[PDB]
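Here Cβ is always computed from backbone atoms with ideal geometry, including for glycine, and neighbour counts include all displayed protein chains. Any read-out appearing in this document is the output of simple, stated calculations on the displayed coordinates, not a laboratory observation.
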Ligand SMILES: Nc1ncnc2c1ncn2[C@@H]1O[C@H](COP(=O)(O)O)[C@@H](O)[C@H]1O
Ligand SMILES: Nc1ncnc2c1ncn2[C@@H]1O[C@H](COP(=O)(O)O)[C@@H](O)[C@H]1O
Ligand SMILES: Nc1ncnc2c1ncn2[C@@H]1O[C@H](COP(=O)(O)O)[C@@H](O)[C@H]1O
């Protein structure tokens, strides 16, 4: 690559080595396991670069990671892209068959896998062709990653290349035949960091991330860069605490003992934290959770506001950076009582800097922002995936009409608040994972005696939504719900179906509502059953 | 495309409309269903081109076909490539999950599916995204293909384009994680036709295909262009008989009633034909079967030679056109008795025109053709797939060292006869389908109590090879063969495993042979169990 | 050249070293002079490559050959193109001035000339500028070619280059001002070999060339690659006999003693062979002459059929590969008596694989194939010369309207038989050489007393056609035919006119038929005189 130093490229190395602030004695904490300053973190990143170079990782290679939220994942967020390689983040919560498919599709060269994820590998390790090396990670001195790092020097000259080289990739299981691969460049990640820092750092007094915070993620960190927050924290040079496996009690202990002030999670985790008996004698009045999983319910928001938690909601998705919207309260709205506060904080929010976010109908006609008309959201931003990896038709359907199609139906108020009414599909979302209703319909239709199977979604608190199934039996056929539940469970036991179908809650009916054309009225069915 | 008429492009339309011979009143026979001359066949091809154009099929589209050997498949072999589209041939004998994977990978626009293959579709139809239209085929006047054709004119001006545009694609399930996609161009298919016609038409008196033959395939016709034979027959303008579903009695009736003289099959089908009671009072002394499935056994060859059948063997594979080698007997060898004849006719044969076929060791060192030294076969020819579709690492391993790696270990005599000794892997091949030993090993290792599972292959006549499994039980564990057989069968019942594992024949042992390094001695195990 | 081994190039080296069959102990016979197997032939080709490289022949050079049909010419057909050089084949039957013109036009670097062609060189050797070396060939151990070969090793690594590099060139004296240069590429020659092998090898029982034949050419071998037959024979690995100079008695002796079964000649040579007294006590019932010079007469065909000779006719020309058409008899026509057989075998035949061959009028309007309407033949094939070397206007007239214009007027039957009625010009063809009527007209018009000279052609058996001249004398002028015959002969004695004018047969007349416009009615004159 011809440098031309006057021509500046936006790279992740500039994010690490040209931060907003850098205190060499600020800490990085891995829960009750490890602690080390920022200077040793930089040294470790350079050592990891040396180790990867020794392993034979070139500028076009892919390194896949499968582990929990820890300092090692933070080191991988930086070392692998800075060498010019591609970081493939594996969703450990997918079924083994889907995990194997994503590994084969991405063509990973090296795999860094945690010890306790080894069983999942053991039932797919035979069918993996591209992988040359496995590095097994442990939480003790026995870790292979740690032994690899300590054989290397803390010196390394990181290359400079084009800012449009791909940095990260991960696979979204949004309803389709197979998982789809998204990817982002160095430029896009740097611009996402800068834009969101501009948006949420400049807020007057509420819901701001600044250089005095202490950050602890509660998002799995293989889900779209942990909403980009680990990159931002490193940019601000703040104390970072990584909990590892999510356990409510140890999480609360970390919050108390480390004085965490900024976190992000999904509604289920927040509900679990609030329902824990250990969370009654704690001081929560310094904490700034951002809820972005799905549809922060107003009841949970009110329950959190009485604990003195600055809870606000945000909107994004796998294809969008992810962050697209955040709720910011004006100083007049900061003095409303708890009910109106809960109503405002549970909206999807206003769009962030450099985002367009129109609302459109099926003919690509921009609807008015009158506050009640609904349509699909279409966006333009500096950090959107241009297409799906190794895909053409779905890529064209993603960017139809010159805009990125989110797949969510919402209405936009006069001031700019966005409220998502539904999806453009009849799909379910159990907790933070995607599950397809059509696939469950087919699996249940493969039963011995089934007339019509239609799967709809019903709301929930510990899960957000449950995949209700409605089955009509054949002539003189009588099978209990246990039979069909076990039949569906058998598929999950083979690694075909994700574990989120373990609470399917099937229901036997005899009449199926159908439209004038005859299509199953899933909205009417939801209002019925 | 700029034509430049002086610049000649090798296209399949030139194969259809510039044949070696064209008799407008020669017949095309679909067994007991339909008969029509070559003139109506040309008219039907033009009508099918018109119908595909009306459906919106452009020059880059893919049309997938899923049916039996019939006149419709022959029409698809010509119409779809001539329009410039790509013909994806679906292997109906793969598991539904593999079929769905191949459909999604190839991104088919239209699917032409037979009526009796509908159930397989019904359990994957939900997870198909790219397909816009299904055409259901039947053997009566109710067929949708027939109704589509009769609404169109018999006039069409076929385009001329570059000869390097892709014509056909199909997926090989040779041992890997997922099926691999091969593809060929118009030029490659035309050159394969011309080269094999030159090789087998110029033979003096034995095993030749000429303009007076009557041709009937017994290869499924979705397996690598039916060895290219339907293209050759059309070039020679000979009578063609298509049997449909392979049933030994109806096949024998067609052979007798239509006076078939040239066919190709795999050893299993030939064994079934010879073992049929209807095949004792028939005159087989005009028939020229080519056996190319795998390792034509000498006993079957002798049994066929006593019926006055000109049986000879050939060698090819999915990546190679397929044809690479054919056995041709010199007039001195035509007077040997039945035993030496059977020995010679069962070899893999000499290479065909324009084929190189060296024998090499693991360091790419060309071994001598002394007749006993063995090595892997590496080939160069005008009709080899340049790589696997949407694949990089396996593509590089396929063409390592500038030659195509077959994966078969053989030795070459002084005169040029090739004899395949084994594979470069421990893989099984039940009848004409590929089955992976490693995947079965993993599935069985997922059992409640298993110590070591190793799968080897043992020979057979009705199947060619059976996938023997050797399982060592855990401490104080005793499970019968029925348990493990049913456990494996359950996976097949879910569409995960191919039906060729229904004769696994597991075996319980307590000692596993291991090398000095410790690897399971699969050859020693085969000699043991 | 960048090889890219997956990208296959069609080269003549692949024709020699990847044949249909290769028997190392098959013979090559040079009549009563030399015999050597195929292994020594390959060694000799490599030695000749080494010698040419030593002489300084690069990839763009031209080597010209002037000798008889022998093993050396066969070696030149392979060695020179395989080195990447261009083989210029000199027509030794042209006048010395025309030979010199072709040598200067082609710009040959080296000339390989036979001893007995030395006198022709001696009267033009002064005016040759480009030539650097002459190699004199003899039929004994004194030959310079033989001495050059034996100083070299039998090892050589032949290059691989683009398949569109020119391989051969030769000059056609079809009626024009000067001879025109045609040329073909490696790809075109390989495709001509494959296509004609497919066409004539797949015939059922009549007129087929197969691997058991013994081949002996009777075409001068500098006339358009000897119709491509030496390349085909080498591909089949058959015994090849080269007679040298054509003498009927030695040719018959070779046929008898070597058991020749396949040959090609022009009608004059066949007539001479049949009229020889030595040809009355011979067994001709194994021989398969192909007659392709011009218009095989039915009387000669009948006379040959009574000797049990499989005589059939073919059609081609210098610009067309040459082969365009061959007569193939269906098994129903094989049982007709001698008269209908003679009628069928004397037609020009049906077109070969990959040939289009329309019939057209002067406005490029495709006439119907009703069997009586006549028009010029226009062709498309994979082995046509794209243009004339170093020529623009004649090149454009050759490919006018997107088709190659043959210059022959024919009609095409319903089944596809082509019958050539005449030429599009008033040109003569004495035996196998072209002679221009306009040039003879001018030469005779240069006489002391001439009013109108018009040259027409009349048929013949020992010559096929004689160049009749009709001369009208001036007022009170009386010169005998001897005077004008000697005047014309004087020009031939100076090397200006070809020797085919030695039987001009001038005729003195007084009235010239003229059309309504006034043009000489050459057809009416032919019916008159
Ligand atoms: N703040 C939110 N409010 C409502 N739905 C949300 C919110 N954040 C995410 N979602 C939903 O969760 C989905 C994320 O799925 P994905 O990123 O594609 O893996 C989005 O497409 C939304 O439908
Ligand atoms: N004539 C033969 N003799 C031995 N093995 C054969 C023969 N024809 C095919 N095979 C085997 O069958 C395989 C075909 O598998 P494929 O074409 O990849 O789908 C080849 O790779 C060979 O291993
Ligand atoms: N089988 C044939 N029947 C009639 N004319 C022929 C036949 N073969 C060649 N010719 C004629 O001989 C000519 C060959 O001249 P050329 O190849 O240009 O040197 C052709 O153009 C035809 O006119």
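At a temperature of 37 °C and a viscosity of 0.692 mPa s, determine how fast region B:1-87 diffuses translationally according to Stokes-Einstein, using the Kirkwood radius over alpha-carbon pairs as Rh; express D in µm²/s, rounded to the nearest whole number. Please report the intermediate quantities before stating the final value.
Values: Rh = 14.4 Å.
For these conditions, the coefficient is 228 µm²/s.
Once you sort the root eigenvalues of the Cα gyration tensor of region C:449-497 as a ≥ b ≥ c, which label holds: rounded (a/c under 1.5), prolate (a/b larger than b/c) or oblate (the other case)?
Details: a/c = 2.43, a/b = 1.37, b/c = 1.77.
Note, shape of region C:449-497 comes out oblate.
Over the Cα atoms of region C:79-167, what radius of gyration and what Dmax do you get, in Å?
15.0, 40
For chain C, what does the relative contact order come out to in percent, with C-alpha contacts under 8 Å and a separation of six or more?
Details: 996 pairs, mean separation 60.4, N = 529.
In percent, rounded to a whole number, it is 11.
When DSSP assigns beta bridges and you keep just the ones with both residues in the protein assembly as shown, what percent turn out antiparallel, to the nearest 5? Display every interim value, and only then the final one.
On the way: 126 of 222 bridges.
Counting DSSP beta bridges with both partners in the protein assembly as shown, the antiparallel share is about 55 percent.
Would you please put C:64-70, C:47-53 in order of how densely packed they are, using the mean number of other Cβ atoms within 10 angstrom per residue and starting with the highest?
Working: C:64-70: 23.3, C:47-53: 20.7.
The most tightly packed comes first, giving C:64-70, C:47-53.
Per-residue counts of other Cβ atoms within 10 Å, averaged by peptide: what ranking do you get for B:516-527, B:152-163, highest first? Spell out each step's value before the answer.
On the way: B:516-527: 12.1, B:152-163: 14.2.
Result, highest mean Cβ count within 10 Å first: B:152-163, B:516-527.
Considering all alpha-carbon pairs of region B:203-256, what whole percent are spaced by more than 13 angstrom? Walk me through the intermediate numbers first.
On the way: 895 of 1431 pairs.
Percent of Cα pairs beyond 13 Å in region B:203-256: 63.
Report, as an integer, the average count of C-beta atoms from other chains found within 10 Å of each Cβ along C:104-114.
Values: counts 0, 0, 0, 0, 0, 0, 0, 0, 0, 0, 0.
Mean partner shielding for this stretch: 0.
Please work out the Cα center distance from region B:26-97 to region A:275-325, rounded to the nearest Å.
59
I need to check one value: relative contact order of region B:8-159, counting alpha carbon pairs closer than 8 Å and at least 6 residues apart, in percent. Walk me through the numbers before you get to the answer.
Values: 207 pairs, mean separation 39.2, N = 152.
Averaging sequence separation for qualifying contacts and normalising by length gives 26 percent for region B:8-159.
How large is the convex hull of the C-alpha atoms of chain B per residue, in Å³? Don't skip to the answer; put the middle values down first.
On the way: hull volume 89.8 nm³, N = 529.
Output value, Cα hull per residue: 170 Å³.
So how do B:235, C:458 line up by other beta-carbon neighbours within 10 Å, fewest first?
On the way: B:235 25, C:458 13.
Least crowded to most crowded, the residues run C:458, B:235.
Using only DSSP helix segments of four residues or longer, with each worth -39500 (n - 2.57), what per-residue ellipticity at 222 nm results for the protein assembly as shown after dividing by its residue count and rounding to 500? Kindly include the intermediate steps, with their values, before the conclusion.
Numbers: 48 runs with 456 residues, N = 1587.
Estimated from H runs of four or more residues: -8500 deg cm²/dmol.
To the nearest whole number, what is the average tally of beta carbon atoms from other chains within 10 Å of the beta carbons of peptide B:191-198?
Numbers: counts 5, 0, 3, 9, 5, 1, 8, 14.
The per-residue average across the peptide is 6.
Can you list the equivalent-ellipsoid semi-axes of region A:1-158, largest first and in whole Å, using the square root of 5 times each Cα gyration tensor eigenvalue?
Values: eigenvalues 149, 85, 38 Å².
Equivalent ellipsoid semi-axes, largest first: 27, 21, 14 Å.
Which percent, nearest 5, of DSSP beta bridges in chain B are antiparallel?
On the way: 42 of 74 bridges.
The answer is about 55 percent antiparallel.
To the nearest Å, what is the center-to-center distance of region B:231-263 and region B:477-517, using C-alpha atoms only?
A separation of 40 Å, based on Cα centres.
If you count the DSSP beta bridges with both ends in region C:25-166, what percent of them are antiparallel, to the nearest 5? Write down the numbers at each step before the final one.
Details: 4 of 17 bridges.
Bridges in region C:25-166 are about 25 percent antiparallel.
Under the definition of partner shielding as Cβ atoms of other protein chains within 10 Å of a residue Cβ, what is the mean value for peptide B:124-136? Walk me through the numbers before you get to the answer.
Details: counts 3, 2, 10, 8, 1, 8, 6, 1, 1, 0, 0, 0, 0.
For peptide B:124-136, the averaged partner shielding equals 3.
Average the reciprocal distances over every distinct pair of alpha-carbons in region A:349-413, invert the result, and give the Kirkwood radius in Å. The partial results should precede the final answer.
Numbers: mean 1/r = 0.0794 Å⁻¹.
Hydrodynamic radius (Kirkwood, Cα pairs) of region A:349-413 is 12.6 Å.
Shape of region B:122-272 from its Cα gyration tensor (a ≥ b ≥ c, root eigenvalues): rounded if a/c is under 1.5, otherwise prolate when a/b > b/c, or oblate?
Details: a/c = 1.36, a/b = 1.26, b/c = 1.08.
Rounded, since a/c falls under 1.5.
So what are the three principal axis dimensions of the protein assembly as shown from its Cα atoms, in whole Å, longest to shortest?
142, 80, 72
What base-10 log of the normalised intensity I(q)/I(0) is obtained for region A:209-324 from the Debye formula, alpha carbons as equal point scatterers, at q = 0.20, 0.21 Å⁻¹?
For region A:209-324 at q = 0.20, 0.21 Å⁻¹, log10 I(q)/I(0) is -1.16, -1.29.
Cα extents of region A:461-529 along the three principal axes, largest first, in whole Å?
39, 34, 20
Less than 15 Å from a label point 7 Å out along the Cα-to-Cβ axis of residue B:372: which backbone N atoms in region B:403-426 qualify, by residue?
B:411-414
Arranged by the count of other C-beta atoms within 10 angstrom, fewest first, what order do B:184, C:222 take? Working shown, then result.
Details: B:184 24, C:222 21.
By the 10 Å Cβ count, ascending, the order reads C:222, B:184.
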